[PDB]
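Listing of final-v8.txt, compact mmCIF, C-alpha atoms
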# COMPACT_ATOMS: atom_id res chain seq x y z
CA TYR A 199 57.12 -2.86 59.48
CA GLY A 200 59.20 -5.20 57.31
CA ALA A 201 57.58 -8.64 57.46
CA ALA A 202 58.53 -10.67 54.38
CA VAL A 203 56.15 -13.65 54.70
CA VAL A 204 53.47 -14.85 57.14
CA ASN A 205 51.61 -18.20 57.16
CA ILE A 206 49.51 -20.85 58.94
CA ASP A 207 50.65 -24.32 60.08
CA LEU A 208 50.49 -26.69 63.07
CA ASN A 209 51.13 -25.09 66.48
CA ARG A 210 54.55 -26.16 67.77
CA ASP A 211 53.13 -26.08 71.31
CA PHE A 212 49.99 -28.25 71.52
CA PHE A 213 51.94 -30.73 69.41
CA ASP A 214 55.08 -30.55 71.57
CA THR A 215 58.46 -31.64 70.19
CA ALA A 216 59.11 -33.92 73.18
CA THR A 217 56.25 -36.43 72.79
CA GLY A 218 54.50 -37.70 69.67
CA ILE A 219 55.62 -35.23 66.99
CA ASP A 220 58.31 -32.92 65.53
CA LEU A 221 58.12 -29.91 63.19
CA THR A 222 61.26 -28.48 61.56
CA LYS A 223 59.92 -28.85 58.03
CA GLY A 224 56.28 -28.03 57.17
CA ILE A 225 55.34 -31.70 57.50
CA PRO A 226 54.55 -33.07 60.99
CA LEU A 227 57.13 -35.87 61.22
CA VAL A 228 57.15 -38.67 63.80
CA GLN A 229 59.81 -41.41 63.89
CA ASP A 230 58.84 -45.10 63.63
CA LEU A 231 55.24 -46.19 63.05
CA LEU A 232 55.18 -47.63 59.51
CA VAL A 233 58.67 -48.64 58.33
CA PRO A 234 58.98 -50.57 55.01
CA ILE A 235 60.25 -54.04 56.00
CA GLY A 236 62.64 -55.05 53.21
CA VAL A 237 64.47 -52.07 51.70
CA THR A 238 67.87 -50.31 51.79
CA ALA A 239 69.26 -48.14 54.61
CA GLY A 240 68.33 -44.79 53.03
CA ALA A 241 64.65 -45.67 52.53
CA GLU A 242 61.74 -45.38 55.03
CA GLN A 243 62.78 -41.72 55.53
CA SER A 244 59.55 -40.65 53.79
CA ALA A 245 57.23 -43.24 55.37
CA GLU A 246 57.70 -41.28 58.61
CA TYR A 247 55.27 -38.66 57.22
CA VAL B 1286 92.16 -81.49 -10.34
CA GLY B 1287 94.48 -82.05 -7.37
CA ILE B 1288 94.20 -84.96 -4.94
CA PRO B 1289 93.99 -83.96 -1.24
CA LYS B 1290 97.17 -84.36 0.85
CA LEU B 1291 95.51 -87.17 2.82
CA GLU B 1292 94.30 -90.55 1.41
CA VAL B 1293 97.31 -90.52 -0.97
CA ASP B 1294 99.64 -92.38 1.45
CA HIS B 1295 102.98 -90.49 1.29
CA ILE B 1296 104.68 -88.24 3.85
CA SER B 1297 105.32 -84.63 2.80
CA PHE B 1298 106.26 -81.15 4.03
CA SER B 1299 103.62 -78.49 3.31
CA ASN B 1300 102.26 -75.14 4.56
CA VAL B 1301 100.20 -73.88 7.54
CA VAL B 1302 98.28 -70.80 8.77
CA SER B 1303 99.50 -68.53 11.60
CA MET B 1304 99.17 -65.11 13.31
CA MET B 1305 101.48 -62.53 14.95
CA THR B 1306 100.28 -61.62 18.44
CA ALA B 1307 100.32 -62.94 21.99
CA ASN B 1308 96.59 -62.88 21.14
CA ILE B 1309 95.28 -63.69 24.63
CA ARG B 1310 96.34 -60.50 26.47
CA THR B 1311 95.07 -57.04 25.52
CA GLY B 1312 95.53 -55.52 28.99
CA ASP B 1313 91.84 -56.02 29.65
CA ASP B 1314 88.87 -58.36 30.05
CA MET B 1315 85.07 -57.96 29.93
CA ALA B 1316 84.36 -55.45 32.71
CA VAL B 1317 80.65 -55.36 33.61
CA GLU B 1318 78.77 -53.75 36.50
CA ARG B 1319 75.48 -54.95 37.96
CA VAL B 1320 72.97 -52.55 39.49
CA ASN B 1321 70.85 -54.28 42.14
CA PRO B 1322 67.06 -54.20 41.99
CA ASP B 1323 65.87 -52.01 44.87
CA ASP B 1324 64.70 -53.98 47.94
CA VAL B 1325 62.48 -57.10 47.84
CA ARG B 1326 58.68 -57.69 47.87
CA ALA B 1327 58.06 -55.37 44.88
CA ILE B 1328 59.87 -57.57 42.32
CA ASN B 1329 57.72 -58.94 39.48
CA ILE B 1330 57.80 -62.72 38.97
CA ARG B 1331 54.53 -63.05 37.03
CA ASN B 1332 55.67 -63.02 33.39
CA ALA B 1333 54.66 -66.67 32.79
Show the structure stored in the file as structure tokens.
Amino acid sequence: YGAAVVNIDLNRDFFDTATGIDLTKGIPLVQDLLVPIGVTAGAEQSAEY
Amino acid sequence: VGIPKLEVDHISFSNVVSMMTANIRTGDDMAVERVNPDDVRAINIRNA
């Protein structure tokens, strides 16, 4: 009695945080698979989606 | 009427044109900044 919001997403258990994936935001974010070759330092932070 | 000061063949003492200031210093100079185009590979060369 007092639940503000419920929802559905990716299970933070089958997709463990240790290997392969991470979920702090709604988007399942891994680190380095497709990094833009020739850009600035602040870029490629979206290509990890 | 009035022959020019040259081609007449005599020395004389006439007038000039001047100004007041140091003229070359204003305390400044053209101060421009240049924003870099972001990254390479996406720059357009094909304008012919």
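For chain A, the residues close to chain B, meaning within 7 Å and counting only C-alpha atoms, are residues 236, 237 and 238 of chain A.
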Write the residues of the selection above to a file with C-alpha atoms, as a PDB file, in the frame of the given file.
ATOM      1  CA  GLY A 236      62.640 -55.050  53.210  1.00  0.00           C
ATOM      2  CA  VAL A 237      64.470 -52.070  51.700  1.00  0.00           C
ATOM      3  CA  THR A 238      67.870 -50.310  51.790  1.00  0.00           C
TER       4      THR A 238
END
So how far away is atom CA of residue 213 of chain A from atom CA of residue 235 of chain A, in Å?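 Distance between the two atoms: 28.1 Å.
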So the first atom is atom CA of residue 244 of chain A and the second is atom CA of residue 212 of chain A; what is the distance between them in Å, to one decimal place?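 Atom-to-atom, atom CA of residue 244 of chain A and atom CA of residue 212 of chain A are spaced 23.7 Å apart.
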Spatial neighbours of residue 233 of chain A, 10 Å, all atoms listed in the file, chain gap at least 6 places, as a ChimeraX atom specification: /A:241-246
Neighbours of segment 214-217 of chain A within 12 Å (only C-alpha atoms; same-chain residues fewer than 5 positions away dropped), as a list in words? residues 208, 209, 222, 226, 227, 228 and 229 of chain A
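Atom CA of residue 1300 of chain B is found 15.9 Å from atom CA of residue 1288 of chain B.
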Output segment 1307-1326 of chain B with N, CA and C atoms present, as a PDB file, in the frame of the given file.
ATOM      1  N   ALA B1307     100.528 -62.151  20.780  1.00  0.00           N
ATOM      2  CA  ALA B1307     100.320 -62.940  21.990  1.00  0.00           C
ATOM      3  C   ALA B1307      98.860 -63.390  22.023  1.00  0.00           C
ATOM      4  N   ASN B1308      97.986 -62.541  21.472  1.00  0.00           N
ATOM      5  CA  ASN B1308      96.590 -62.880  21.140  1.00  0.00           C
ATOM      6  C   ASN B1308      95.629 -62.974  22.328  1.00  0.00           C
ATOM      7  N   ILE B1309      96.136 -63.397  23.480  1.00  0.00           N
ATOM      8  CA  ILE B1309      95.280 -63.690  24.630  1.00  0.00           C
ATOM      9  C   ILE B1309      95.258 -62.545  25.661  1.00  0.00           C
ATOM     10  N   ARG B1310      96.253 -61.662  25.587  1.00  0.00           N
ATOM     11  CA  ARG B1310      96.340 -60.500  26.470  1.00  0.00           C
ATOM     12  C   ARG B1310      96.206 -59.205  25.676  1.00  0.00           C
ATOM     13  N   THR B1311      95.280 -58.354  26.112  1.00  0.00           N
ATOM     14  CA  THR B1311      95.070 -57.040  25.520  1.00  0.00           C
ATOM     15  C   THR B1311      95.275 -55.962  26.592  1.00  0.00           C
ATOM     16  N   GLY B1312      95.430 -56.411  27.836  1.00  0.00           N
ATOM     17  CA  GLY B1312      95.530 -55.520  28.990  1.00  0.00           C
ATOM     18  C   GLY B1312      94.176 -55.324  29.634  1.00  0.00           C
ATOM     19  N   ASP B1313      93.227 -56.170  29.241  1.00  0.00           N
ATOM     20  CA  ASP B1313      91.840 -56.020  29.650  1.00  0.00           C
ATOM     21  C   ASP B1313      91.102 -57.359  29.747  1.00  0.00           C
ATOM     22  N   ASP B1314      89.809 -57.253  30.043  1.00  0.00           N
ATOM     23  CA  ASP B1314      88.870 -58.360  30.050  1.00  0.00           C
ATOM     24  C   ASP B1314      87.490 -57.720  30.143  1.00  0.00           C
ATOM     25  N   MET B1315      86.441 -58.474  29.816  1.00  0.00           N
ATOM     26  CA  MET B1315      85.070 -57.960  29.930  1.00  0.00           C
ATOM     27  C   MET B1315      84.816 -57.427  31.342  1.00  0.00           C
ATOM     28  N   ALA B1316      84.567 -56.121  31.428  1.00  0.00           N
ATOM     29  CA  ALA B1316      84.360 -55.450  32.710  1.00  0.00           C
ATOM     30  C   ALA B1316      82.935 -54.901  32.826  1.00  0.00           C
ATOM     31  N   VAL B1317      82.078 -55.670  33.493  1.00  0.00           N
ATOM     32  CA  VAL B1317      80.650 -55.360  33.610  1.00  0.00           C
ATOM     33  C   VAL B1317      80.274 -54.980  35.043  1.00  0.00           C
ATOM     34  N   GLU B1318      79.352 -54.032  35.191  1.00  0.00           N
ATOM     35  CA  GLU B1318      78.770 -53.750  36.500  1.00  0.00           C
ATOM     36  C   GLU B1318      77.315 -54.196  36.552  1.00  0.00           C
ATOM     37  N   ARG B1319      76.856 -54.528  37.753  1.00  0.00           N
ATOM     38  CA  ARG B1319      75.480 -54.950  37.960  1.00  0.00           C
ATOM     39  C   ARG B1319      74.789 -54.092  39.013  1.00  0.00           C
ATOM     40  N   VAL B1320      73.794 -53.328  38.572  1.00  0.00           N
ATOM     41  CA  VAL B1320      72.970 -52.550  39.490  1.00  0.00           C
ATOM     42  C   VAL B1320      71.881 -53.430  40.090  1.00  0.00           C
ATOM     43  N   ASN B1321      71.837 -53.475  41.418  1.00  0.00           N
ATOM     44  CA  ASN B1321      70.850 -54.280  42.140  1.00  0.00           C
ATOM     45  C   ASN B1321      69.437 -53.738  41.983  1.00  0.00           C
ATOM     46  N   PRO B1322      68.445 -54.645  41.884  1.00  0.00           N
ATOM     47  CA  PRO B1322      67.060 -54.200  41.990  1.00  0.00           C
ATOM     48  C   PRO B1322      66.803 -53.727  43.419  1.00  0.00           C
ATOM     49  N   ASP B1323      66.083 -52.618  43.560  1.00  0.00           N
ATOM     50  CA  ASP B1323      65.870 -52.010  44.870  1.00  0.00           C
ATOM     51  C   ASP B1323      64.937 -52.822  45.769  1.00  0.00           C
ATOM     52  N   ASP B1324      65.471 -53.274  46.904  1.00  0.00           N
ATOM     53  CA  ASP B1324      64.700 -53.980  47.940  1.00  0.00           C
ATOM     54  C   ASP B1324      64.054 -55.273  47.408  1.00  0.00           C
ATOM     55  N   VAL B1325      63.251 -55.921  48.248  1.00  0.00           N
ATOM     56  CA  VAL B1325      62.480 -57.100  47.840  1.00  0.00           C
ATOM     57  C   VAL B1325      60.989 -56.801  48.043  1.00  0.00           C
ATOM     58  N   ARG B1326      60.133 -57.752  47.658  1.00  0.00           N
ATOM     59  CA  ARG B1326      58.680 -57.690  47.870  1.00  0.00           C
ATOM     60  C   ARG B1326      57.931 -56.969  46.732  1.00  0.00           C
TER      61      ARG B1326
END
